[PDB]
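Look below for two forms of one protein chain, each set out as structure tokens: first structure 1, then structure 2.
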Structure 1
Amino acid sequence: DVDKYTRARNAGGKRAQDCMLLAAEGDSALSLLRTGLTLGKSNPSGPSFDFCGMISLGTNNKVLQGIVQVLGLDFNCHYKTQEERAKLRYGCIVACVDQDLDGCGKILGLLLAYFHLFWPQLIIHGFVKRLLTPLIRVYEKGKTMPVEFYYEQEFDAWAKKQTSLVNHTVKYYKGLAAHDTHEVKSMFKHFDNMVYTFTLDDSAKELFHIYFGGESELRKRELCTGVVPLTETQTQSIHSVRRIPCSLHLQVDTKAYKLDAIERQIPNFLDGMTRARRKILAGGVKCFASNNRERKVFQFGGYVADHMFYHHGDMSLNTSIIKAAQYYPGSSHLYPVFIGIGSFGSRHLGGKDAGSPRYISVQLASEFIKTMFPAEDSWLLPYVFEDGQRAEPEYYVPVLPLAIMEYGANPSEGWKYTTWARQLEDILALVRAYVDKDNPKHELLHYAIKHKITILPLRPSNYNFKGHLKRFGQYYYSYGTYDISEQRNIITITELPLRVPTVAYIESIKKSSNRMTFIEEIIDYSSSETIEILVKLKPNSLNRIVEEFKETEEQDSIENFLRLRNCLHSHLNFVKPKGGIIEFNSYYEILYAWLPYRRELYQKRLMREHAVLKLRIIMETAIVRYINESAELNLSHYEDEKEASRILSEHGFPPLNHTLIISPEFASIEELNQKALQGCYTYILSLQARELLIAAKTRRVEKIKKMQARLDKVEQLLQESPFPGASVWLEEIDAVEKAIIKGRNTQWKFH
């Protein structure tokens, strides 16, 4: 008699062991189970409300008390014998949950952990079972029976064997609510053979404690290794006999859920941004590339959700977009991705005083983004594929390491990740030394890469900070500035610590009762982007600070009475490109680790551009030849495109892939070579009449000469002394520095 529970007719009777209990994840799962269990005469052999019941998931916890009650199961008794298990009201319990991150791995792990702790034997003897639903279904034109895969590895192997997939439609069912009516009927036609039973092995217990409870730091070693997908052999064993080990489930599904939660709040060290921020930046590039026109934040958030598969909520999306475009002293972004149009926030509230997204408008900082995040190597990066559709890249490789250049908070849990931005005069020196041959410290820096000698210094950025950055011991401290007016007995605060909000700071002083007694009222007259706080002392409290706070050597008496000093603690915790968590002892290590990724990207970008440019030279030469011969190869006399194509072939015109040459998109060199040459003659038949003019030929001929000149130049760039593309790096660093300086001269407005 618990809620959302429908008993079976034979539950608790002589056929109790034949009965099974279905544990639905939510209301949508309950509706699907009700649909399947009531197929009627359409599924004579399928399950029904006889010998089957439903319960909703959604010792203190109420829902577990309901599952315990309906099962007629008791805590103290250990179910080591068959006779003891016969008393149970249901033969087994089946969990019906989604196959997403907030699916298998979290709800399943909690249910497995709950049953593992109290009653370990039930897992060994197969009391706990799981409903395995197809994950990927591939539909072929003209065929009504799809091909169903329960794992992505099987689909990947199948896709490799199938070669072209133009006639195949692939749909990803990552949740129980994604199944259509006909699909659900098909699943319940074979309900028996999709039920998989959990098994308990030796490895499970150590993994169960690691992932659930068991204090911590034994889970860190697990989470720094990344997700290892199930191999082909393991999956075949799963399908051969429907006995899924708990260990394999824990280290695939639960591990991925934990890693996904970590990656939400911890950035990648290559670009210093999380997956959500990467989607916004990639969505921002796509939105404003065609036309850099100002858009509302909620409109831009809708674009990101539609085009970058953002499903975490508009509130989180709008907040992240606002933070991305915020620019003020002590803001998280020293170089915001977007240009903030409107009141995006202030240092006094720590960015929490942003306007409503309906009125707040956003615009991409094209000058900074196009130079720091070049569009010609975004084709070259690995990309995230989500539900089979292209999403934001796995990581961005910018010209300069943003993970060192920004401020990172991660206030709640999340491996306590924190970063303090290094200044642009030390990062540039390191990178230029690594690249420029003529820099005297070029050889020294390379010798220091393999030995961690850190010859050059890295220091905190003092930009937008009217204070002192002093080094004491092994830590950096930021000091505020104060003014004392003896005659009016007023203490004026002109600057706060590095990342201390004004409103929060005033509350800290007021809450401190012992500090408070010396003052009577604090009034904040600080302007925007500048601190000016009036502190009114008691008539005779002028000295009381001096003889009470003892005048510490590191911290002044006023700097002790007023909390104008904070310690800069750096916790360099980052996500590896392949997954997992990497710990850096110092910032130079992050810069050293980022350097090879950009160096390879430059090298392989030139290879692709060389290949693409060679095809374009062939294409443009053919087009110019046609325009020269267009008069006597006049296409009017020929009937259709087939006859025209035959005539063009007879005259020695090369067939080319028209769309692939002009827009190679995301294509590897070998894929580029194999497809480009095999093409139609669309590049000739689609020429407009305006392209046959004399001026059109001259521009096309001049374009051919420029591409031939560029082709020779790129060949020279490949054979460079340090590494290919070294000279290109330096000129792109200069462009980035100019963009930053111009954006710093303005208030990151670029106008």
Structure 2
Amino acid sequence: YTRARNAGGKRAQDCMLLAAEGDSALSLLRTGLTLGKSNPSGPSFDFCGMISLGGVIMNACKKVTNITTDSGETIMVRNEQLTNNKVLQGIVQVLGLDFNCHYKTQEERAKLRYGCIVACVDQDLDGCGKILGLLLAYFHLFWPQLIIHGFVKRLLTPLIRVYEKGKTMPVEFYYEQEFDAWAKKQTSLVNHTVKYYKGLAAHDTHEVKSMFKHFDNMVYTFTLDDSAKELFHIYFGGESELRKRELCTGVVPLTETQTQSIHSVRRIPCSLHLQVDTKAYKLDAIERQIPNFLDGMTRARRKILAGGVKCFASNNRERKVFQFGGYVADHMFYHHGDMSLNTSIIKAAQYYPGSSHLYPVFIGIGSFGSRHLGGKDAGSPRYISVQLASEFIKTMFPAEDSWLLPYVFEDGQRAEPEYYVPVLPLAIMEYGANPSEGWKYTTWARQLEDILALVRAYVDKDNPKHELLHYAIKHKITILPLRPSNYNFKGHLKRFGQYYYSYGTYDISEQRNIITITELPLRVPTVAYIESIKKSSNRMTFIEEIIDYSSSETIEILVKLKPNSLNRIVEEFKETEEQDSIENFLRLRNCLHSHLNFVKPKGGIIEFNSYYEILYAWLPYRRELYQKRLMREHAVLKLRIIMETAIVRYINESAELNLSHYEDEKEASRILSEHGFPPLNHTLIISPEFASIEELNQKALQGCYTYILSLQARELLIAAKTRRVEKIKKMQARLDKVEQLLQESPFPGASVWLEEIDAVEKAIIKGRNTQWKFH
């Protein structure tokens, strides 16, 4: 808070207020205020003020209760959690406003410390839409008359700026779709420099002084419509399902006349802002938080995996977590933050009984934390180190499969793939619990024997249940059972009704009166468990104390209780057909729930009921990916073999060709062309680098004779040429094998999936025997 000169004074109704979502915005606004000279309209430290929103603020909609409105008036009670928040009460004190007053007159408006609050956020997809969203939603929920009478204003900054050489006027485009339309209407992207500002601090000194010179412009007054209140309740309200039905549709872009009305006169309706920016943020947060059913993992997590694949390919040597996070932020264009990325890396590399990653993609060296703190006892990322689990990843996410995935394009540059679809569905093996903007994601691990039988029966034709499982595919029968995994769990799973329950085990010695529990349900970390068992009041009347002798990889907890209470828990706590008296006592029963909300590869939410739907949706994607990989391999291999044959023919012909007595490249190429040599680009044949079949053929119909030229002389020896003849023989044999894999009865790549299944389960067993540390 930098108080203005005439703040809370006589001229205070003419002042403004700057609301900054970040300290980068704080730095930009400080620079703009310290400009000073040549700005008769650009305000100085006076009449400006300053307030930092502290990142994400909370909405009052889910906090207020609206109780005791039966007295003929609707009174709203602020939450006790809402009252003591620092940012909200800070902006209340700064603006000098009161909740009870309804600012329907000019005098109560003049009571305010500032004349207009002008928020200033980044133009990234969150922020404006989120921070503005919750901010003006809170303002609408408490003081709609401020928004109606023009008290809230947006400081809209350019997102993408394109400069033409010799001209100093920006195009200052504000949306990605507008920039795409301008690029398509333009003939070419020549004599133009394109700059992306994914944050306010990206602006330079000349940039900030140019945009602050016209500070009277680019400030937009918010207006409230009659239909805005319904949108405010829908996007920010207690009823989550009410937004579910409007998070499955998609963002409606603004019409050209609406944008013209916005830019001609700066009156932004709240309904349009909620429908565009807030909805776009909500869709983005759904996509960035809910895992993909093909991946089983978050977009950030798949970005981390792609960065690890690119980083540890050359060398699997040790790397620190902060360095690896910087690497994947630099190379995969992660423009969000650093310590969230480091936290995601740490959680991905964690491995212990009850950890969310049953099959982690990273080998971890350092203190990642055991099951006692649930991964919260992990150390700092600067000294914790991670390396790539080479065998598990190389069997589980094959590079040949990684070529043919769809890829996410960021600013015209390649980034992490759209999805890694693996040989076994990680949406089934992994297990975690996330919230999102409208949905919840919960999964529990299935055993790697039911899923293995299911996939093998679907793929192998020798399994007698292959036809039966295919009939289950067409008719949703689900004959084979799916059971929760028993790995790292000495308890027993039970099924009742439509729910699975996990049970810990206990030993009772009545002559010693110690309740010794050795296995506990597979998610609660045994320390929050003993804190929760220390907060139950009735159990305080029944026990004496709790001692924990549990080390890494094992659990044993001894409970001392009153000698006369040992039977009392029988009468007070109960022993139903599903749980025992002691299981009710120590809360060793745990019902496991599944909320199977996933994001489609297109981008939308798909809901599921059981894991059979997950498996039967994941199976076709691997089907056509194997199918496309096989004929891509066939085409690129026939191109490789014809190019190798051309090399051999030129090698055997150049002795009598005598091309050495030629001047330049054109004459040599003409001679090779009139000798009938095939011109094909060998740099697209030796290394194809994810080229589709039609574009590979259209690239290879033309080509260059550079494979004649770029071949080194050292291959002139006859033994080398015999080795290349043997290589040609092996390439033709591989072509025959690929062709006969294309024509097999069930589907192409039938036995192929068998050896990746065998390799994956062998590597899993190897890592499972040595605490995933391998070596």
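Reference numbering: structure 1, starting with residue 1. Rigid core: the largest C-alpha set superposing within 1.5 Å between the two forms.
For the residue set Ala95, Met273, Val435, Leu364, core-aligned C-alpha shifts between structure 1 and structure 2 reach 2 angstroms or more at a single site, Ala95.
Fitting the two forms on the rigid core leaves the C-alpha of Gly53 displaced by at least 2 angstroms between structure 1 and structure 2. When the rigid core is held fixed, the Cα atom of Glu665 travels less than 2 angstroms between structure 1 and structure 2. Relative to the superposed core, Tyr211 undergoes a Cα shift of 2 Å or more between structure 1 and structure 2. Taking the core as reference, the Cα of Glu632 moves 6.1 angstrom between structure 1 and structure 2. Here the two forms are laid over each other by their core, and the C-alpha of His312 is off by 2.3 Å between structure 1 and structure 2. Core superposition places the C-alpha of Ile531 1.3 Å apart between structure 1 and structure 2.
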